[PDB]
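Here the structure is laid out as structure tokens; the discussion comes afterwards.
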Amino acid sequence: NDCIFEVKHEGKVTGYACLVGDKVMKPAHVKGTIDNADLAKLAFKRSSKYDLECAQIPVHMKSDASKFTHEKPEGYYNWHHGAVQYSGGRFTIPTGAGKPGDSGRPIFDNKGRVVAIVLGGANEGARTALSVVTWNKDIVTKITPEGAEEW
Amino acid sequence: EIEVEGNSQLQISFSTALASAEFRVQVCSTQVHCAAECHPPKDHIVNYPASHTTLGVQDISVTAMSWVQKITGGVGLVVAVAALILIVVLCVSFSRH
Amino acid sequence: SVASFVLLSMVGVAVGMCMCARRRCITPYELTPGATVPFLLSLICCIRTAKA
Ligand SMILES: CCCCCCCC/C=C/CCCCCCCC(=O)OC[C@H](COP(=O)(O)OCC[N+](C)(C)C)OC(=O)CCCCCCC/C=C/CCCCCCCC
């Protein structure tokens, strides 16, 4: 659980919003008002280009947030459902580990910092490529494989 | 038609409805350009129909309409810089990823 | 009346297209967590009250 908040429409949970550094990351294509009432009050500068909605976190009460990093050396990374491998440029998971509703879950490195946030996936065989919102220095770069549905 | 010979000048009379005179006088196959500022009459009404052609069409305003060109050029310039900034931003954002 | 209306619409469109330029050129820096715009871009774009 730690520092991720579920987002639901009525009683149906649709996604999760992560607290990375100083921003309340959340993907645009999910519909919800966030479980916390205080976070719902925030104003999100949403962008359709990156499928993201972000706002300044209330550091006065929620300064505790996941650390982030920009470099992604190829190897293995861990998230809630299994572990994921940076396939020289693509995020790949076993086909089962991906399912609609997981959109907005972050992913961590070996050292425990976020490097991306997942939106959906497409599968070529047993493994499923991931559509994530990674970031270089001071800039985010959405990545999307071919024929990737939105979770 | 008039009589011309020598190294002197002549004189004519014309009737116009334009505030700024701008017209070419065909004088025996050789044209000439005449320009002057016309002034309004003093008498409100008269007893004969106008000798000149008709009301100046909306195309022909008076010089010192240059205000129109000035303001329209300023607005067009502002729109041009806005469009250039928008298109350069759109291209650089297209370069992303 | 027509000239004034068209000119005001044109200056308003210039302002709006300027506004749309700020939104599309500042969200990539605004969306990134722990980001900081370069000094030159901070001068150009007027949107600086929110240091995001
Ligand atoms: C700081 C601010 C300072 C700025 C100063 C402000 C300046 C203010 C003034 C401008 C002066 C406007 C006054 C002009 C009035 C003259 C009268 C007139 O104008 O009336 C001319 C005739 C007579 O009227 P009527 O009722 O008998 O005719 C219509 C017949 N009925 C009704 C059956 C259709 O009417 C006609 O024939 C007209 C027929 C239609 C003509 C179309 C015009 C052609 C151009 C169109 C736009 C294309 C752009 C061109 C640009 C090219 C540049 C490269």
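FYI, nothing fancy with the structure tokens labels: chains A, B, ... in order, residues from 1 per chain, ligands from 1 as they appear.
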Self-check item: 9 Å contacts from chain A to chain B using only C-alpha atoms, as a list in words
Solution: residues 141, 142 and 143 of chain A
May I ask you to write as a short mmCIF file (atom, residue, chain, number, x, y, z; two decimals) with N, CA, C and O atoms, in the first residue's frame all residues lying at most 9 Å from ligand 1, with only C-alpha atoms and all ligand atoms counted?
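New file selection_25.cif:
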data_model
loop_
_atom_site.label_atom_id
_atom_site.label_comp_id
_atom_site.auth_asym_id
_atom_site.auth_seq_id
_atom_site.Cartn_x
_atom_site.Cartn_y
_atom_site.Cartn_z
N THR B 54 -20.61 59.30 -59.86
CA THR B 54 -21.48 58.70 -58.86
C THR B 54 -20.75 58.73 -57.53
O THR B 54 -19.64 59.26 -57.42
N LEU B 55 -21.38 58.15 -56.52
CA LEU B 55 -20.74 58.01 -55.22
C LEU B 55 -19.51 57.12 -55.36
O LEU B 55 -19.56 56.07 -56.02
N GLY B 56 -18.40 57.54 -54.76
CA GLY B 56 -17.21 56.73 -54.75
C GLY B 56 -17.50 55.38 -54.13
O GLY B 56 -18.09 55.31 -53.05
N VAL B 57 -17.10 54.30 -54.80
CA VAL B 57 -17.33 52.98 -54.25
C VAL B 57 -16.47 52.80 -53.00
O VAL B 57 -15.52 53.55 -52.75
N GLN B 58 -16.82 51.79 -52.20
CA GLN B 58 -16.14 51.57 -50.93
C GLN B 58 -14.65 51.32 -51.10
O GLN B 58 -13.89 51.49 -50.15
N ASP B 59 -14.23 50.92 -52.30
CA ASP B 59 -12.80 50.72 -52.55
C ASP B 59 -12.03 52.02 -52.40
O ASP B 59 -10.94 52.04 -51.81
N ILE B 60 -12.57 53.12 -52.90
CA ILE B 60 -11.83 54.38 -53.03
C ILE B 60 -12.16 55.25 -51.83
O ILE B 60 -13.13 56.01 -51.82
N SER B 61 -11.33 55.14 -50.80
CA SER B 61 -11.33 56.07 -49.68
C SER B 61 -10.35 57.20 -49.98
O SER B 61 -9.96 57.40 -51.13
N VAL B 62 -9.96 57.95 -48.96
CA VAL B 62 -9.08 59.10 -49.12
C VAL B 62 -7.71 58.75 -48.56
O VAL B 62 -7.61 58.11 -47.51
N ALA B 64 -4.52 59.21 -46.41
CA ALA B 64 -4.68 59.28 -44.96
C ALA B 64 -5.72 58.24 -44.54
O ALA B 64 -6.16 58.25 -43.39
N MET B 65 -6.14 57.36 -45.46
CA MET B 65 -6.60 56.04 -45.08
C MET B 65 -5.44 55.15 -44.65
O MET B 65 -5.68 54.02 -44.21
N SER B 66 -4.21 55.63 -44.80
CA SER B 66 -3.04 54.91 -44.33
C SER B 66 -3.17 54.48 -42.88
O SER B 66 -2.44 53.60 -42.44
N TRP B 67 -4.08 55.10 -42.12
CA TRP B 67 -4.39 54.59 -40.79
C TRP B 67 -4.95 53.18 -40.86
O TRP B 67 -4.62 52.33 -40.02
N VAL B 68 -5.80 52.91 -41.84
CA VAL B 68 -6.34 51.56 -42.01
C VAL B 68 -5.22 50.57 -42.26
O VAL B 68 -5.15 49.50 -41.64
N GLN B 69 -4.30 50.91 -43.17
CA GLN B 69 -3.18 50.02 -43.45
C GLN B 69 -2.29 49.85 -42.23
O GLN B 69 -1.82 48.75 -41.96
N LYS B 70 -2.07 50.93 -41.48
CA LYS B 70 -1.24 50.83 -40.28
C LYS B 70 -1.83 49.86 -39.27
O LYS B 70 -1.15 48.95 -38.78
N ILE B 71 -3.12 50.03 -38.95
CA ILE B 71 -3.71 49.18 -37.92
C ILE B 71 -3.85 47.74 -38.41
O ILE B 71 -3.62 46.79 -37.66
N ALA C 3 -15.02 46.30 -39.02
CA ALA C 3 -13.57 46.36 -38.89
C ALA C 3 -13.13 46.25 -37.44
O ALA C 3 -12.19 45.52 -37.12
#
Within 8 Å of chain B, which residues of chain C are there when counting only C-alpha atoms? Please give them as an mmCIF file with C-alpha atoms, in the first residue's frame.
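The result, stored in out-v5.cif:
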data_model
loop_
_atom_site.group_PDB
_atom_site.id
_atom_site.type_symbol
_atom_site.label_atom_id
_atom_site.label_comp_id
_atom_site.auth_asym_id
_atom_site.auth_seq_id
_atom_site.Cartn_x
_atom_site.Cartn_y
_atom_site.Cartn_z
ATOM 1 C CA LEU C 7 -9.638 43.430 -35.399
ATOM 2 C CA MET C 10 -7.907 38.874 -34.381
ATOM 3 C CA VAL C 11 -6.032 40.282 -31.383
ATOM 4 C CA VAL C 13 -7.080 35.002 -31.316
ATOM 5 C CA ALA C 14 -3.439 36.095 -31.187
ATOM 6 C CA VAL C 15 -3.613 36.135 -27.387
ATOM 7 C CA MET C 17 -2.839 31.128 -29.608
ATOM 8 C CA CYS C 18 -0.150 32.620 -27.390
ATOM 9 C CA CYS C 20 -2.075 27.637 -26.175
ATOM 10 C CA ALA C 21 1.659 27.991 -26.800
ATOM 11 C CA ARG C 24 1.922 22.914 -24.778
ATOM 12 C CA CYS C 25 5.473 24.122 -24.052
#
Determine, using only C-alpha atoms, which residues of chain A have any atom at most 10 Å from an atom of chain C, and tabulate each with its shortest atom pair and distance in Å to one decimal place, rows ordered by chain and then rising number, as a Markdown table.
| residue | atom | partner | partner_atom | distance |
| --- | --- | --- | --- | --- |
| A:19 | CA | C:33 | CA | 9.3 |
| A:20 | CA | C:33 | CA | 6.4 |
| A:21 | CA | C:33 | CA | 5.8 |
| A:22 | CA | C:33 | CA | 5.8 |
| A:23 | CA | C:33 | CA | 5.5 |
| A:24 | CA | C:33 | CA | 8.7 |
| A:25 | CA | C:31 | CA | 8.2 |
| A:44 | CA | C:31 | CA | 9.8 |
| A:45 | CA | C:27 | CA | 7.8 |
| A:46 | CA | C:31 | CA | 8.5 |
| A:47 | CA | C:27 | CA | 7.4 |
| A:49 | CA | C:24 | CA | 9.4 |
| A:50 | CA | C:28 | CA | 8.8 |
| A:52 | CA | C:31 | CA | 7.7 |
| A:53 | CA | C:31 | CA | 7.7 |
| A:54 | CA | C:31 | CA | 6.1 |
| A:55 | CA | C:31 | CA | 8.1 |
| A:56 | CA | C:52 | CA | 7.4 |
| A:67 | CA | C:33 | CA | 9.8 |
| A:68 | CA | C:33 | CA | 8.1 |
| A:69 | CA | C:33 | CA | 9.9 |
| A:134 | CA | C:32 | CA | 9.4 |
| A:135 | CA | C:32 | CA | 7.2 |
| A:136 | CA | C:32 | CA | 8.9 |
| A:137 | CA | C:35 | CA | 7.6 |
| A:138 | CA | C:35 | CA | 4.5 |
| A:139 | CA | C:32 | CA | 5.6 |
| A:140 | CA | C:32 | CA | 5.7 |
| A:141 | CA | C:28 | CA | 8.7 |
Exercise. Run DSSP on the backbone and grab whatever in chain C lands in helix (DSSP H, G or I); send it over as a PyMOL selection string.
Key: chain C and resi 2-31+39-44
Exercise. Between B:25, B:53, B:8, B:17, single out the one closest to residue 37 in chain B, counting only C-alpha atoms.
Key: B:17
Self-check item: DSSP-assigned strand (DSSP E) members of range 5-93 of chain B, reported as a list in words
Solution: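 Selection result, strand (DSSP E) within range 5-93 of chain B: residues 20, 21, 22, 23, 24, 33, 34, 35, 36 and 37 of chain B.
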Exercise. Could you give me, as a PyMOL selection string, the residues within 9 Å of residue 47 in chain C, counting only C-alpha atoms and dropping anything in the same chain fewer than 5 positions from it?
Key: chain C and resi 22+26+42
Take the residues that were just selected and, keeping N, CA, C and O atoms, output them as a PDB file, in the first residue's frame.
ATOM      1  N   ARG C  22       1.827  28.485 -24.410  1.00  0.00           N
ATOM      2  CA  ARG C  22       2.344  28.256 -23.065  1.00  0.00           C
ATOM      3  C   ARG C  22       1.965  26.873 -22.552  1.00  0.00           C
ATOM      4  O   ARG C  22       2.796  26.171 -21.967  1.00  0.00           O
ATOM      5  N   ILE C  26       4.964  24.073 -21.649  1.00  0.00           N
ATOM      6  CA  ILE C  26       5.314  24.092 -20.236  1.00  0.00           C
ATOM      7  C   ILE C  26       4.806  22.871 -19.478  1.00  0.00           C
ATOM      8  O   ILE C  26       5.338  22.573 -18.398  1.00  0.00           O
ATOM      9  N   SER C  42      12.319  29.995 -18.445  1.00  0.00           N
ATOM     10  CA  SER C  42      11.612  30.678 -17.369  1.00  0.00           C
ATOM     11  C   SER C  42      11.389  32.146 -17.698  1.00  0.00           C
ATOM     12  O   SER C  42      10.343  32.709 -17.358  1.00  0.00           O
TER      13      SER C  42
END
Quiz item: CA of residue 33 in chain B to CA of residue 21 in chain B: how many Å, to one decimal?
Solution: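 Computing it gives 10.0 Å between the two atoms.
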Quiz item: Could you state the separation of CA of residue 150 in chain A and CA of residue 108 in chain A in Å, given to one decimal place?
Solution: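 Between CA of residue 150 in chain A and CA of residue 108 in chain A the gap is 20.7 Å.
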